[PDB]
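Next up is one chain by itself, shown in structure tokens, the form deposited in one PDB entry.
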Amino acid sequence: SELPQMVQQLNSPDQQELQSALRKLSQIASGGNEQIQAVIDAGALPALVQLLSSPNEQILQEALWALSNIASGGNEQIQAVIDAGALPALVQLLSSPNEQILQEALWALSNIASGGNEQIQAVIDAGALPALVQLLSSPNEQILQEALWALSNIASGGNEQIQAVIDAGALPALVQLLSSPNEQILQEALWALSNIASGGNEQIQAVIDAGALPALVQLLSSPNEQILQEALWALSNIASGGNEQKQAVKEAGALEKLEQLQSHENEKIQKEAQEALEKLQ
């Protein structure tokens, strides 16, 4: 019952009133899907979308936090953000040289792409992929992580969504990231590959053709169980393909490593290695 008044304050020409309202709204939206629905129902979306045109970085940042938090809701709540017309203005911020704005725009986009296939396709259709793929070359590890989240989310969809990621040229950069000494960035690259390889055989074969298998097989020898798990999930997904895909996995030397991992003390590792080994007969 205070929400409608907060939403009206988003138009106040008093920047203190505006910012107080915006900070309250963003944080109510962080409190679960019912609180998100209350913010939507109070009419916040059109005002928040208008704020994506603001040249005031303080307003824009908090507007982005609010939209990100709404987009942490259910798929139809995400769709409300898309229907309010946010995506072009949001995607355009991936050109920003302001790292705070870029980071916050990426979170918002990544959350939208965590929706269902209609929500993901909207992000693709808004033109985000070339930018996201270029940010895989960023020397800023925060930005790089966030781009990998967004891309992983996009690649969590169906085969058409996956294929748009592949067609944007993500695979060579993802495979290059497999040699990173940054264990955080490595695992995010493996997540992206392990979503792409959960597609159909054409998507799996793209992962193979980009040269992922030698690096994944090397990573089966990692002493870091977090890395090993992620590499095993990726390789197991590839092994779920057709006989051409299975053969490529065998040719890369995976069988001998997987046989070794069958008795691993970590149960999650052992189970996925067993499952992978069975897929390959």
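Shifts are known only where both forms have a C-alpha. Numbering starts at 1 and follows the sequence shown. Each form is matched to the other, and the largest set of C-alpha atoms that superpose within 1.5 Å is called the rigid core.
Per the PDB record, of the two stretches 8-16 and 269-277, 269-277 carries the greater mean B-factor over its C-alpha atoms. Relative to one another, 51-59 and 34-42 have unequal mean CA B-factors, and 34-42 is the one with the higher figure. If you compare the C-alpha temperature factors of 234, 254, 219, 66 in the entry, 254 comes out highest. The entry assigns its greatest Cα B factor, within the set 163, 153, 176, 119, to 176. Among the modelled residues of the chain, residue 104 sits in the lowest third by CA temperature factor in this PDB entry. Residue 167 sits in the middle third of its chain by CA B factor, as recorded in the PDB entry. When all modelled residues of the chain are sorted by CA temperature factor, residue 83 is found within the middle third.
Placement of the Cα temperature factor of residue 202 within the chain: highest third of the modelled residues, per the deposited record.
There is another form of the same protein, the form deposited in another entry; it is not shown, and what comes next is about it.
Listed alone, 262-271 marks the only place where three or more consecutive residues have CA shifts of 2 Å or more between this form and the one not shown on superposition of the core.
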